[PDB]
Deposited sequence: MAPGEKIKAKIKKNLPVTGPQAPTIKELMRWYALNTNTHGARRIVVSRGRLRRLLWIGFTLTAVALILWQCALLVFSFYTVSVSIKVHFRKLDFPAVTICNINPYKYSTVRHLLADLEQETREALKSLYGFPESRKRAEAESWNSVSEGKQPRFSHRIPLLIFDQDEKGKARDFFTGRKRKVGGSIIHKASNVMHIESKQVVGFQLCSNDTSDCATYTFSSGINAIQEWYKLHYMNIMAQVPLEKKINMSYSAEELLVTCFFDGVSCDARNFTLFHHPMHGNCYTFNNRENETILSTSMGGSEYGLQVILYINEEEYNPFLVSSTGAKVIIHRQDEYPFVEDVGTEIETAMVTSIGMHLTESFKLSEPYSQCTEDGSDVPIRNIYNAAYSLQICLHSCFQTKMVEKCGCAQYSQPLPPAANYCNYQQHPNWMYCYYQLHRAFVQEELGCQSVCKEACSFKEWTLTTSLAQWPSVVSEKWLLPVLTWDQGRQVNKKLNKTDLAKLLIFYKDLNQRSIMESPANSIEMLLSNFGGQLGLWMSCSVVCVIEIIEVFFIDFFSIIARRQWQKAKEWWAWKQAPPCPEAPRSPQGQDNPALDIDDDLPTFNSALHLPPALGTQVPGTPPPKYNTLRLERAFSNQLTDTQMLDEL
């Protein structure tokens, strides 16, 4: 049996790592030469089905109901997807083909085609002192392009907050070039941000809070920790050191890292190739229509089995005993105010070196509301 106790401290406090992304992964005019054929086919489909003025898997119509089907090789079976709206038909079909094109492009070129830190960041400001694009680390995500991480870089000491509130946290102004969005992939305009440990993988595709343009987003946060006990007391691990699954994220262990690593490994077993949405495991290739022509149906079967917990990943992976969380309080206001547009937008475009539109920009504030760090500890009796 155990005794729970709580320790609260007020003292200068380490700042999290903050990974910021554009919602759109690549400046469209830069990738349009790869996606030209897919754009032509998509606009032909829109003109054929809906009259809009504007090859292993065609788009189809059913008794309008629009869809496509993913087929196996060694038997006649297929998984057929029929959508009651053309938006889902076109978006999902386009994303199938888009991810099977981008999986074949080399990473060295994808990193060069996506955004630079000097493009994404108009200004940065931390602890009341200047900050620059050189203070951010590159984080290339296969579905968001170049994301950039604050306060996480090698052989530099972690930045720590000694004063609470809006004026002494991270303040950053983001440029979100929405005339260069992809017409068929990206249907939401803004940015994303994750708050995480320096040694934690952000998973910015899952749980990122979203940043709206022509707005200031004020992410105030408090820090809370929990420390469980491992076996005998609970079937739990302090580290990834005693679970059978190999971690492929090059980041400190957590249950979602373990579950995704398990599933990505099961795909390299069953389908012969890795899912492009996730990091590449050792000595494997990402799936694509020309080398792995039937991987679509393989993934469908495999994920159906995963949801029914038949692959074992949910029972093999374990919860991590030490837990740290920043409880965010997101709130929004209009920015610039109608009186300040007269001078903010000209000076912001001078700081880039056309005039910026108010909807091309977003301001973000991330700060500790107070230096109170809570913690809940479990200990043997």
Where the model has no C-alpha, note the corresponding stretch of the deposited sequence, numbering from 1.
1 to 79, 134 to 155, 165 to 199, 490 to 493, 522 to 649
